[PDB]
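What follows is one chain in structure tokens, specifically the form deposited in one PDB entry.
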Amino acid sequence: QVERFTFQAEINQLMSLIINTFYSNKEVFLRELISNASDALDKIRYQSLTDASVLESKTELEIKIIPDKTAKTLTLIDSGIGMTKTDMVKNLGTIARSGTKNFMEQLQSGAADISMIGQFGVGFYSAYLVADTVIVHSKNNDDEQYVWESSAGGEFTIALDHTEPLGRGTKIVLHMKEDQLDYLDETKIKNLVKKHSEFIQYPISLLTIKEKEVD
């Protein structure tokens, strides 16, 4: 069963700004999503320093990135703390901090730019610089696996997830814009991932799917 929600007014505005106005360093999205993956890993790691048994659902702490030219998708998977269902509504549909609300005014005035979005915990929405639709699958130790989706337009959905179990963590699937497809190209994505993960302390693996006709 599919459950439907409205973005908080500010999140709608953030998303319109990202979708409808111009910004020339769209590649910032990758920095933001890798940073979010790192933070979720930090969090499970932190818990495990008290109770190593929290890692039982999935023992590796790593990040995987999978460009798929045929599906037109860029997938980023981490084995971080994951989000419960309520985590997901809170984190991907709302703003918590008043600081985040006022940053939104600074941003919308043009005084701040999109690249500082992470300082205010909404770096995720930068995915919409390069993607028309975003799917987030997540699994936290204290809840079931859920799947969130939004193509923006003021609304998002959440459903029980019946796809491949993560064990623990988050998988973000960006359905790429027609014009932003070179982010799926091997050399470009390799360089970008390298550039934007230099201080990340978790292993990051990049997949390359090659497809050749056999003659």
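Just count from 1 along the sequence shown to find any residue number. Superpose the two forms; the largest set of C-alphas matching within 1.5 Å is the rigid core.
A.B. asks: Take the C-alpha B-factors listed in the entry for 121-129 and for 100-108, compute each mean, and give the stretch with the larger one.
C.D. replies: Here the higher of the two C-alpha B-factor means belongs to 100-108.
A.B. asks: Quick check on the record: does 200-208 or 19-27 carry the larger mean Cα temperature factor?
C.D. replies: Result of the comparison: 19-27.
A.B. asks: By the entry's C-alpha temperature factors, tell me which of 180, 36, 170, 59 sits highest.
C.D. replies: Across 180, 36, 170, 59, the entry lists the biggest C-alpha B-factor for 180.
A.B. asks: Out of 55, 184, 63, 40, which residue has the highest Cα temperature factor in the PDB record?
C.D. replies: Comparing C-alpha B-factors across 55, 184, 63, 40, the top value belongs to 184.
A.B. asks: Split the chain's modelled residues into thirds by Cα B-factor; is residue 44 in the lowest, middle or highest one?
C.D. replies: Lowest third - that is where residue 44 ends up once the chain's C-alpha B-factors are sorted.
A.B. asks: Can you tell me whether residue 161 has a C-alpha B-factor in the lowest, middle or highest third compared with the other modelled residues of the same chain?
C.D. replies: Residue 161: CA B-factor falls in the highest third of its chain.
A.B. asks: Lowest, middle or highest third: where is residue 75 by C-alpha B factor in its chain?
C.D. replies: For residue 75, whose C-alpha B-factor we compare with every modelled residue in the chain, the answer is the lowest third.
A.B. asks: Sort the modelled residues of this chain by their C-alpha B factor and say whether residue 155 lands in the lowest, middle or highest third.
C.D. replies: For residue 155, the deposited C-alpha B-factor lands in the highest third.
A.B. asks: According to the PDB entry, is the CA B factor of residue 94 in the bottom, middle or top third of its chain, that is, lowest, middle or highest?
C.D. replies: Tercile = highest for this residue's CA B-factor.
Beyond what is shown, the protein has a form deposited in another entry; the following relates to that form.
A.B. asks: Where among 75, 133, 141, 106 does the Cα move by 2 Å or more between this form and the one not shown after the core is superposed?
C.D. replies: After core superposition, the single residue displaced by 2 Å or more is 106.
A.B. asks: Note yes or no: does the Cα of residue 95 move by 2 Å or more between this form and the one not shown after the core is superposed?
C.D. replies: After core superposition, the C-alpha of residue 95 moves 2 Å or more between this form and the one not shown.
A.B. asks: With a shift of at least 3 angstroms, figure out whether the C-alpha spacing between residue 100 and residue 15 grows or shrinks in the other entry: closer or farther?
C.D. replies: Closer together, by at least 3 Å.
A.B. asks: Taking the shown form as reference, are the C-alpha positions of residue 97 and residue 149 brought closer or pushed farther apart in the other entry, with a change of 3 Å or more?
C.D. replies: Residues converge in the other entry, at least 3 Å closer.
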